[PDB]
Every structure is written in C-alpha cells, then in structure tokens.
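The structure appears below as structure tokens.
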Amino acid sequence: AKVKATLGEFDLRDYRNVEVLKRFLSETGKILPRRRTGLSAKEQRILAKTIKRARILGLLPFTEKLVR
Amino acid sequence: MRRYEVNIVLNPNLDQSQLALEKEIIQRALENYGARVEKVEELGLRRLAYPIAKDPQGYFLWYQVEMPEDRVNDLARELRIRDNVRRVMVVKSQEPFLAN
Amino acid sequence: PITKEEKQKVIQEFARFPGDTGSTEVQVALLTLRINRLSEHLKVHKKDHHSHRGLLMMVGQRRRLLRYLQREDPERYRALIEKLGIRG
Amino acid sequence: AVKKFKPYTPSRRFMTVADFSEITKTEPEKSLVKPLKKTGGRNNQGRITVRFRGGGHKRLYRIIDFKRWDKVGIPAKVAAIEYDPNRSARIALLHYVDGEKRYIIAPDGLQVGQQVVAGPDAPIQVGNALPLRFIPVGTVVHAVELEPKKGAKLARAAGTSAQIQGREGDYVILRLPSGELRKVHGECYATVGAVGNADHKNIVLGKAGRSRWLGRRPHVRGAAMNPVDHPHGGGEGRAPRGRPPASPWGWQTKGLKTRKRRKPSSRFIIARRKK
Amino acid sequence: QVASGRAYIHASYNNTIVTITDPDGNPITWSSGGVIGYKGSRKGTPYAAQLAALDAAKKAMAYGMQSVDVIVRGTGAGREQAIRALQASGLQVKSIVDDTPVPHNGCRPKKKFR
RNA sequence: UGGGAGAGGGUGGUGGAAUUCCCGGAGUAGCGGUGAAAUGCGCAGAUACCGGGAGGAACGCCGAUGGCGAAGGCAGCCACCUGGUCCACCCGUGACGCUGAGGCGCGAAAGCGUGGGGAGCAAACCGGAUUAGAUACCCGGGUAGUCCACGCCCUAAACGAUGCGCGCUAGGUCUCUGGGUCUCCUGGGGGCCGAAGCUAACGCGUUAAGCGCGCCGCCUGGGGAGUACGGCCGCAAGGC
Ligand SMILES: [Mg+2]
Ligand SMILES: [Mg+2]
Ligand SMILES: [Mg+2]
Ligand SMILES: [Mg+2]
Ligand SMILES: [Mg+2]
Ligand SMILES: [Mg+2]
Ligand SMILES: [Mg+2]
Ligand SMILES: [Mg+2]
Ligand SMILES: [Mg+2]
Ligand SMILES: [Mg+2]
Ligand SMILES: [Mg+2]
Ligand SMILES: [Mg+2]
Ligand SMILES: [Mg+2]
Ligand SMILES: [Mg+2]
Ligand SMILES: [Mg+2]
Ligand SMILES: [Mg+2]
Ligand SMILES: [Mg+2]
Ligand SMILES: [Mg+2]
Ligand SMILES: [Mg+2]
Ligand SMILES: [Mg+2]
Ligand SMILES: [Mg+2]
Ligand SMILES: [Mg+2]
Ligand SMILES: [Mg+2]
Ligand SMILES: [Mg+2]
Ligand SMILES: [Mg+2]
Ligand SMILES: [Mg+2]
Ligand SMILES: [Mg+2]
Ligand SMILES: [Mg+2]
Ligand SMILES: [Mg+2]
Ligand SMILES: [Mg+2]
Ligand SMILES: [Mg+2]
Ligand SMILES: [Mg+2]
Ligand SMILES: [Mg+2]
Ligand SMILES: [Mg+2]
Ligand SMILES: [Mg+2]
Ligand SMILES: [Mg+2]
Ligand SMILES: [Mg+2]
Ligand SMILES: [Mg+2]
Ligand SMILES: [Mg+2]
Ligand SMILES: [Mg+2]
Ligand SMILES: [Mg+2]
Ligand SMILES: [Mg+2]
Ligand SMILES: [Mg+2]
Ligand SMILES: [Mg+2]
Ligand SMILES: [Mg+2]
Ligand SMILES: [Mg+2]
Ligand SMILES: [Mg+2]
Ligand SMILES: [Mg+2]
Ligand SMILES: [Mg+2]
Ligand SMILES: [Mg+2]
Ligand SMILES: [Mg+2]
Ligand SMILES: [Mg+2]
Ligand SMILES: [Mg+2]
Ligand SMILES: [Mg+2]
Ligand SMILES: [Mg+2]
Ligand SMILES: [Mg+2]
Ligand SMILES: [Mg+2]
Ligand SMILES: [Mg+2]
Ligand SMILES: [Mg+2]
Ligand SMILES: [Mg+2]
Ligand SMILES: [Mg+2]
Ligand SMILES: [Mg+2]
Ligand SMILES: [Mg+2]
Ligand SMILES: [Mg+2]
Ligand SMILES: [Mg+2]
Ligand SMILES: [Mg+2]
Ligand SMILES: [Mg+2]
Ligand SMILES: [Mg+2]
Ligand SMILES: [Mg+2]
Ligand SMILES: [Mg+2]
Ligand SMILES: [Mg+2]
Ligand SMILES: [Mg+2]
Ligand SMILES: [Mg+2]
Ligand SMILES: [Mg+2]
Ligand SMILES: [Mg+2]
Ligand SMILES: [Mg+2]
Ligand SMILES: [Mg+2]
Ligand SMILES: [Mg+2]
Ligand SMILES: [Mg+2]
Ligand SMILES: [Mg+2]
Ligand SMILES: [Mg+2]
Ligand SMILES: [Mg+2]
Ligand SMILES: [Mg+2]
Ligand SMILES: [Mg+2]
Ligand SMILES: [Mg+2]
Ligand SMILES: [Mg+2]
Ligand SMILES: [Mg+2]
Ligand SMILES: [Mg+2]
Ligand SMILES: [Mg+2]
Ligand SMILES: [Mg+2]
Ligand SMILES: [Mg+2]
Ligand SMILES: [Mg+2]
Ligand SMILES: [Mg+2]
C-alpha cells in the first residue's frame, strides 16, 4: 500500500496542501521512507523539504504521540 | 525583481477590526518596501498541528508579491515586529513539481 | 547575480565584429566583469574562502588570455587592459 | 576599534586610545554646556568622603535629556555625535523640528541624519524612546527609567543595555546590565538599542599619568600602612592579612553583603545578579 | 476522590515508576520497584514493575478511580508487564499512548551512550 | 546561448523536539546507578506527573551503499550575496595547452590571545567502586574546553596509506544526475564483479595498481631520530 499511487496529480512543491502532505507522514508524524511513499530519489527530497516548511507554518506536526 | 510568497499567521482571537488594522500594517509595509501584490489568498482560521503562541489555531494570510530581491529580508523583519504576527515565511516562488 | 542584459552589453562593447561571442577581448572583459563583482563580494565576506578559490581561477584564466593576446598583437593587448583598467 | 601605539616610550608599549570614529563634531553646543563643579571628593564640610580623587582635566557638563517623554510625537534629526568627558558613552546632538536642540546618549548604530522620536506610537527603531509596555519582548533597550517620570537611571554606560524578558500586570521584567532580573513599571520610558562606544572596556590606560588626567589619585594599600591607619597596617616586613580582609573602617570586604535587608524594592527584584 | 484519571509508566532499564494522576495530571498516588521492597538491580525487572503497577492501581482504586488513560515513557524491561498489571487490576484501561521523549538530536549524551 | 542537480561557501534571520535550572501546583519514600554495588540525591519534600519561564548547544524522521567540494570538510527551515560543476545547441576565439622548484591562499581536532557565552558533555581534579594493587577501564561530581567574534597556531591513520593531465585496452550489474526517438540509447558522477594485462602475493582492472607520453614530489637497511646543531616561523605550545 504505497502512498503515491493512492493520489492523482499533486504539486510536490505545494507547502500548503495539508490533505496531500499529511498522507506522507507516519502515524507518529515522521516523514515516510521511500519504500512507503513510492517516490524516487529526486521526488523525495522535494517532499521532505516542503513537509518541513509546512511544519514551520504549523500545518503539519513535527511529532505525534503513538496511540495503541 | 523576483516573485515571492509571503505567508503570515496572526492572533486568532482578534476582532475583525483589530484584524483589519493588522492587515493595514502589513499592506502598507508591503507597499513601503516596494512589494507589488499580484495574487492574495486569505484562508483565515485554521486548526494548527501544534500550538503556536500557546493557541491551537492561527489566522492565515498569503500574498504572491513581486518585489526587489535585496529588500525581502528587511520586509520580513518589519512584518515580524507586531505582537499579533506570529509567523512570517517569505519563500521564493517556483514552478510546481508534479508527480503523476 | 549578473543579469542577462548586463552581460550582453559587455559583449557588444568588446566584440571584434557583429555577433563575436568568444574572442580574447570578449573573454577577458567577461572575466574582468566577474572578477570585479567577486572582489567586491569578498570585501564584505572575508571568510568566504571557497568562493575565493573561484576568484584565483578566474584571475589565472584571464591572465593566460592576456599573455596570449600580448604575444599575438601587443597593440590590441595594451588597448584592452586600459579599456578595462587592469595593469596588475 | 581601539588604537595601539608603537613602543617608542615605555608607556606607549601598551597604551591604547579610542578611535573616536563615530565623532562628527569636536565642539559642544554652547547653550547645552555648563561648568562642572569639581569636588576633589570633598563634601560640603570640606572633608574627603571619597578617597583619591582630584586633579583631573577641566570639563564642562553637557546637559543630557534623560526624559524624552518631554517631547512626545515631535521628531528630531540626529545632527551630530560628540565626545562627552563626563560619561563613557558618546552623546548625540538632536535637532528637533521644533527648533529645540538636545543631547541624548548615543546608541549603538545611531546614524547622523537619521530621525528619532519618542512616544507610545514610535517605531521600534534605534534611538526612539517609548514606555516599556509598548516595546516588544526581546527588545534590547537603554536609558531606562526606574520609576515613571523620574528620568533614565539604568543602562547608560558605554556598551550596556537591558533586555525586556516578559510582562506581568503593570510591570515589565528586565534583565539589567548586571544580569539582575527586575520588575520595572510599564510606564517607564526606555530607548531601543544598546548604548554605543562598546569598545570602551578594551582601553588600556598604559601609564600612571593617564589615571591622573582622569582625576584618579594614587590608591594606597591598607597593607602599606600602619595600625593607626588601617586594619591591614603594620607588621614587621611584609605581612599577610592576619585577619579577615577589611576596609579602612573595619568592615569585611570579601563577600560580606551590604544591601539593606528590609528595603522596599526587594519586592520588585526577582533574581540577584549572577556574575 | 475522582473516578477518571491518568496512569504514567516511567520505565527505564533500572526501575519502573507508576504515577496515577487526576484528569488534569495532578498526582494522586504512585509506586515503584523500591516501594514494593526491592533495591538495586532487582527493581528493574518485569515482576518488580508488576507489583509496582498493582500497588499503585490498588491505592488509586482506593480513592474511587475506575478508568485511567495510560501514558508510557521509556523502553525499560518491566514496561509491558506494567501495562498488563494495570489492565488486569480492576481499573478500566481506556487508552494507551507511548509518550517517550526523543530528542530531535539535542544535547550531547554521556560517554556511555556513544 | 539555453537548461540542471547538489549537507559547496559567506551573512542575516527563524522552527520544533529534548536536557538542565528557576517558579506555581499535586503528591510521598524513595530516587539514581551497576556485572553486583557504593559514593551521590531525598521528609530542609527528592524521583515520577501537570502548568509557566529562562538559557545554551545540536538538528529526529527524510537519510541511502545518497549528494557537494581541490583538500580540510559540508545536514532543521527561510532570504540575500557567491564558488565550483554537468548537459544540450555545435554559434564565437584559433593551440590561447600540460605540469609546476620557489611564492601566495586554504587547511579536522586540540591548543593560544582579547572579549563574549556556558544547557548538555567533559581533559585536569575530587570522591565511590573494581582489584593483589587500580594514579585506569565502570559509577557520582567537576574546571578548562566544547559554542560566537576577531587574531594566531599549520598538525593528523590531513588515507584511496594510490600526484596531476592526456590518449589507448571486453563486458556484466546496481545507483545519482542530465539529454534523447524515454523500450532502450547517450553524457557526467558514485559502487560491486570481472576481459586482456599487471602484481612478491594480497589484489588492481575504462574511477588501473593495465599499455604509453609530459611534468612535479619522494625512497635508497633497522635503531639512534623527526632527535641535535644552524636557520626560518610562532605569544606560547611547538612547526618547517
Ligand atoms: Mg508552490
Ligand atoms: Mg512578532
Ligand atoms: Mg570560471
Ligand atoms: Mg599579465
Ligand atoms: Mg601597531
Ligand atoms: Mg600600544
Ligand atoms: Mg604609533
Ligand atoms: Mg623603549
Ligand atoms: Mg615598556
Ligand atoms: Mg585616536
Ligand atoms: Mg567614537
Ligand atoms: Mg566606533
Ligand atoms: Mg574646544
Ligand atoms: Mg550658557
Ligand atoms: Mg547667555
Ligand atoms: Mg554640574
Ligand atoms: Mg559637582
Ligand atoms: Mg559650600
Ligand atoms: Mg565651614
Ligand atoms: Mg571648620
Ligand atoms: Mg572613600
Ligand atoms: Mg579624594
Ligand atoms: Mg577629569
Ligand atoms: Mg564620551
Ligand atoms: Mg501597580
Ligand atoms: Mg572610550
Ligand atoms: Mg581600565
Ligand atoms: Mg584602580
Ligand atoms: Mg596601591
Ligand atoms: Mg610602613
Ligand atoms: Mg591619625
Ligand atoms: Mg585603635
Ligand atoms: Mg586597628
Ligand atoms: Mg596585619
Ligand atoms: Mg606580621
Ligand atoms: Mg608591614
Ligand atoms: Mg616576615
Ligand atoms: Mg612594613
Ligand atoms: Mg609591609
Ligand atoms: Mg613591601
Ligand atoms: Mg616577599
Ligand atoms: Mg593573606
Ligand atoms: Mg601577620
Ligand atoms: Mg592569620
Ligand atoms: Mg556597614
Ligand atoms: Mg525602587
Ligand atoms: Mg536499579
Ligand atoms: Mg510533551
Ligand atoms: Mg549559462
Ligand atoms: Mg516544585
Ligand atoms: Mg516542567
Ligand atoms: Mg540517518
Ligand atoms: Mg558516502
Ligand atoms: Mg563552430
Ligand atoms: Mg576563422
Ligand atoms: Mg596547476
Ligand atoms: Mg609551493
Ligand atoms: Mg586549523
Ligand atoms: Mg577548534
Ligand atoms: Mg583553546
Ligand atoms: Mg593552558
Ligand atoms: Mg578561547
Ligand atoms: Mg595570558
Ligand atoms: Mg579517582
Ligand atoms: Mg596501592
Ligand atoms: Mg581501594
Ligand atoms: Mg576513579
Ligand atoms: Mg566521570
Ligand atoms: Mg557529569
Ligand atoms: Mg564547566
Ligand atoms: Mg586549565
Ligand atoms: Mg583559559
Ligand atoms: Mg576561529
Ligand atoms: Mg578514509
Ligand atoms: Mg581522491
Ligand atoms: Mg603520508
Ligand atoms: Mg607515477
Ligand atoms: Mg529522463
Ligand atoms: Mg565528487
Ligand atoms: Mg561510469
Ligand atoms: Mg574488483
Ligand atoms: Mg586473467
Ligand atoms: Mg609496471
Ligand atoms: Mg572501451
Ligand atoms: Mg565498468
Ligand atoms: Mg573518478
Ligand atoms: Mg603497484
Ligand atoms: Mg605534483
Ligand atoms: Mg639509519
Ligand atoms: Mg613532530
Ligand atoms: Mg623538530
Ligand atoms: Mg631548534
Ligand atoms: Mg610534513
């Protein structure tokens, strides 16, 4: 179940697209590894950097408590 | 010049009048620094992922200005003086990068 | 940085004929432009040693052009350095 | 940037002088000076009450505006920055659009030709004065009043400053130059920025004569005296202190705290200086 | 006396500490490997954590508490056994969250952690 | 001329996690630590929990066998200033090239000077253990320093223990980054296995340690010794 398939077109540089970027995050709020996102090398760097801007604007979490 | 995107987060507990004055300070500041607003998007209240200034919400603004590159840092500094401005991110505008 | 317009103006001012974009005069002038703007950068950023290597490389590149232009036509050489105020 | 001398005399080897680089005017405003009455450290009884003082260079007193809330809303042009012999800071000549001229102490980075203004509406810019309650937390300030309308008392020496740390009711909390944390009333005025001439501290006088120019007469050690004179006086040959080191008047001088215990301002001081 | 509250499990390699708090986080009672009588390396065991969680739950239930939220910090041995001991105690475990502090690369750690 | 990727460099800002300390609350008999302990801390209220505050340093996930740099080395994010480098077009100049004794600049850490800063860590130091002993390894403390600015120092397992440039000599496979007609192909990087050949062997092998040319640096048995003397450099330590 890889993330990038479950989505149509999206801008890898849009730091405000919470609903899309939120999907590239572990349930604890961490950035998901490539094996879980299906992104290439070049795409994953863009995803990482725009996730980080989004967190700084308060739109994405830096970390989440792990609920069982 | 260059096109930038000015992101601003404000105190979510201001009345519409105080908010109007805060947008007035911002708009004149943009003007005073030679920022040419092209687009502008105002999303207002949004539940944040973490409390900013010990509050779970934030009032969001967004401007797709165009301005001379040597002044954007000073504009960022001036926009940040107001106690009611909680975040300012002046990012460079760039072409979208699309997957799928 | 240097703008596209700013560069073209230097090229036309030193082109040996219409559309010459690679003669010794154009190369030296182009390098003299970058050297001068980088020297001004280094005065403010005296700790930018990595960019300073850039400058020595440009300076050495411009130097070898001049040694060549000085060997092949002294009058063109003497005119070029004064048209740029070089004389090291 | 402090300036050095070549060692062409034994004293020039280490002597250093201020560069005086910010100074743009070498004469004071005639209407703003008055004679500074020298005391030699003597009081109205003619008794020395502060030892080892006198003989310094003649000085005129430059009248300094330590209120500024005097002239709310009235901007002024920074006409000049000048030397002041009576303080470590430099001073800045202000030309008010009023036509009135005044001196403030020169902040760091103040610029001749810039304008400054005082009041609750003033921009948060170097040289402007505002009540503490309108300056944002984190701002470093100088020339701070301690009580409303009593005049600037805090952070006036070269290079010093205070920082606003928080707000609590009518009061703001400052970190004073000493590191002390203190409540100061919000209606107290301050000037944004630190005091200039921050290289003052690095000056090496270089020779005994230079202290004398400043009116500092030689200081003689208690251990150099006789028992009539000083607790440390006397002994055959050199002597260690032979008792807790003491002042000429007998009180101890290594650690003994001397702030009055029941002082009313203690309710307003949060943390004593740490260094 | 309050029926709803929280149960904190601080579990390190040396010890397990259980703190039962009110809904707002104010401690009501607590226990640990040392409180149930162990000293030294012994109080870092899973059984030690078990007795600690029961002795804390019993004291908590003795002020009328019936449902707790469980917050777990640390990766010590007696961690899971403390969670069991809370469930199988009479207290209703209404949630489980691991709130272990992890630095985003913060202070240099001691020598033993390098 | 037109594009590209990147922890390349410099400056100014700025975000969150965590540690410590301080304050308010709530609570009580221990906490901490180890192979096991003790010193330490704690009823003068600690540990554990919640709220508030202060301050310094480092940036989790992304992150890789990855990328960049000449080397040292470079990792939150934003902006400005700036270097190197690749590709495509095949447009300009017409051998303008290679190397490089001296010189000049850069140069991890530790160290030094002046002045800041100081949370965590931690030489020296103090104490507890361990042990036959234990000036150690382990534990509890702890000052320089670690951090910033400016100026010095100029070392290293500064390593690929492999100087730079060019031409030539099977392929297979993985990967980064461009350009295609996008299967595939073709450039530039980063690895692995291997043709011929090389090598004392180990191994190298289009990223050569193969086959050749140019130029530089260096070796000539171990110890004495990177010592002594001289010289030059450094504030010193000490370097050449
Ligand atoms: Mg965008
Ligand atoms: Mg603000
Ligand atoms: Mg170049
Ligand atoms: Mg020449
Ligand atoms: Mg000199
Ligand atoms: Mg001198
Ligand atoms: Mg001199
Ligand atoms: Mg002499
Ligand atoms: Mg002398
Ligand atoms: Mg002078
Ligand atoms: Mg001066
Ligand atoms: Mg000066
Ligand atoms: Mg005069
Ligand atoms: Mg007069
Ligand atoms: Mg008169
Ligand atoms: Mg007087
Ligand atoms: Mg007097
Ligand atoms: Mg009298
Ligand atoms: Mg009398
Ligand atoms: Mg008398
Ligand atoms: Mg006296
Ligand atoms: Mg006297
Ligand atoms: Mg005098
Ligand atoms: Mg003065
Ligand atoms: Mg009051
Ligand atoms: Mg001075
Ligand atoms: Mg002095
Ligand atoms: Mg003295
Ligand atoms: Mg004396
Ligand atoms: Mg005597
Ligand atoms: Mg007498
Ligand atoms: Mg007597
Ligand atoms: Mg006596
Ligand atoms: Mg005596
Ligand atoms: Mg004696
Ligand atoms: Mg004597
Ligand atoms: Mg004697
Ligand atoms: Mg004597
Ligand atoms: Mg004596
Ligand atoms: Mg004597
Ligand atoms: Mg003696
Ligand atoms: Mg003594
Ligand atoms: Mg004696
Ligand atoms: Mg004695
Ligand atoms: Mg007294
Ligand atoms: Mg008072
Ligand atoms: Mg234990
Ligand atoms: Mg938390
Ligand atoms: Mg180009
Ligand atoms: Mg407390
Ligand atoms: Mg707390
Ligand atoms: Mg990693
Ligand atoms: Mg690598
Ligand atoms: Mg051609
Ligand atoms: Mg031709
Ligand atoms: Mg060379
Ligand atoms: Mg050399
Ligand atoms: Mg170095
Ligand atoms: Mg260092
Ligand atoms: Mg040092
Ligand atoms: Mg030393
Ligand atoms: Mg130092
Ligand atoms: Mg010294
Ligand atoms: Mg010891
Ligand atoms: Mg012994
Ligand atoms: Mg012993
Ligand atoms: Mg020991
Ligand atoms: Mg230790
Ligand atoms: Mg320690
Ligand atoms: Mg220390
Ligand atoms: Mg020391
Ligand atoms: Mg020291
Ligand atoms: Mg340095
Ligand atoms: Mg290596
Ligand atoms: Mg190499
Ligand atoms: Mg070697
Ligand atoms: Mg060779
Ligand atoms: Mg492609
Ligand atoms: Mg490389
Ligand atoms: Mg290749
Ligand atoms: Mg191989
Ligand atoms: Mg073979
Ligand atoms: Mg051979
Ligand atoms: Mg081939
Ligand atoms: Mg190959
Ligand atoms: Mg290679
Ligand atoms: Mg070989
Ligand atoms: Mg060589
Ligand atoms: Mg020998
Ligand atoms: Mg040596
Ligand atoms: Mg030697
Ligand atoms: Mg020698
Ligand atoms: Mg050597």
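No hydrogens, no waters, no symmetry mates; every other heavy atom, side chains included, goes into these values. Sequence lines set the chain letters: A, B, ... in the order given, protein chains first and strands last, and positions in each chain run from 1.
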For F:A58 and F:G10, measure between their P atoms and round to the nearest Å.
14 Å

Could you work out which one of F:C50, F:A58, F:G30 sits closest to the side chain of E:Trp30?
F:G30

Under the ring-ring contact (aromatic ring centres under 6.0 Å, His included) rule, what pairs show up with a residue in residues 20-48 of chain C, not counting sequence neighbours?
C:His41-C:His45

Nearest-Å distance once atom P is located in both F:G145 and F:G116
13 Å

Which nucleotides of nucleotides 119-131 of chain F have their base under 4.0 Å from a protein heavy atom (B), which only their sugar-phosphate (S), and which neither (-), written as one string 5' to 3'?
BSSS---------

Please name all residues satisfying side-chain contact (heavy atoms from CB on, under 4.5 Å) with A:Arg34, sequence neighbours left out, ordered by chain then number.
A:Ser40, A:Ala41, A:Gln44

With a cut-off of 5.5 Å for ring centres and 30° for planes, do F:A79 and F:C80 stack?
yes

Which pairs count as ring-ring contact (aromatic ring centres under 6.0 Å, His included) when at least one residue sits in residues 18-37 of chain C, sequence neighbours excluded?
none

Relative to the 5' end of RNA chain F, which residue comes earlier, E:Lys59 or D:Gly166, by the nucleotide with the nearest heavy atom?
E:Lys59

Given F:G107, F:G76, F:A18, which nucleotide is nearest the side-chain atoms of C:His49?
F:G107

In whole angstrom, give me the gap between the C1' atoms of F:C154 and F:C106.
11 Å

For F:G111 and F:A124, measure between their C1' atoms and round to the nearest Å.
15 Å

By side-chain contact (heavy atoms from CB on, under 4.5 Å) - contacts of E:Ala53 (at least two apart)
E:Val18, E:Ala82, E:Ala85, E:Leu86

Take the angle between the ring planes of D:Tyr171 and D:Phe268 and call it parallel below 30°, perpendicular above 60°, tilted in between.
tilted

With a cut-off of 6.0 Å (strictly less than), are more than 12 heavy atoms of other residues, nucleotides or ligands near CD of C:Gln8?
yes

F:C31, F:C78, F:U93: which one has an atom nearest the side-chain heavy atoms of C:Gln27?
F:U93

Closest to side chain of C:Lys47, choosing from F:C59, F:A26, F:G10
F:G10

Can you list the residues that meet the side-chain contact (heavy atoms from CB on, under 4.5 Å) rule with C:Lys7, with sequence neighbours excluded?
C:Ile11, C:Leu30

Report which part of the nucleic acid C:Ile11 touches: base, sugar-phosphate, or nothing (heavy-atom distance under 4.0 Å, all strands).
sugar-phosphate

Here the salt bridge (charged side-chain N to carboxylate O under 4.0 Å, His left out) pairs for residues 57-70 of chain C, sequence neighbours left out, are none

Mind checking what makes salt bridge (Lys or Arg N to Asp or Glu O under 4.0 Å) contact with A:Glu64, not counting sequence neighbours?
none

Between D:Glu168 and D:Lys183, is there a side-chain heavy-atom distance shorter than 4.5 Å?
yes

Which residue pairs satisfy the salt bridge (charged side-chain N to carboxylate O under 4.0 Å, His left out) criterion with at least one member in residues 27-56 of chain C, sequence neighbours excluded?
C:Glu6-C:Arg37, C:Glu40-C:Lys43

Pick out the pairs of N or O atoms, protein on one side and nucleotides 83-85 of chain F on the other, that lie under 3.5 Å.
| from | atom 1 | to | atom 2 | distance (Å) |
| --- | --- | --- | --- | --- |
| F:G83 | OP1 | C:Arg34 | NH2 | 2.5 |
| F:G83 | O4' | C:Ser51 | OG | 3.2 |
| F:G84 | OP2 | C:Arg34 | NH2 | 3.1 |

Can you name the residues that form a ring pair (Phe, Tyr, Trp, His ring centres under 6.0 Å) with A:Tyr15, not counting sequence neighbours?
none

Under a 4.0 Å heavy-atom cut-off, which of residues 35-46 of chain A touch RNA chain F?
A:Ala41, A:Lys42, A:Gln44, A:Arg45

When you get a sec, tell me which of F:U114, F:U34, F:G30 is the closest nucleotide to the side chain of D:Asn202?
F:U114

Give E:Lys43 one of three labels, base, sugar-phosphate or nothing, depending on what nucleic acid heavy atoms sit under 4.0 Å from its own.
base

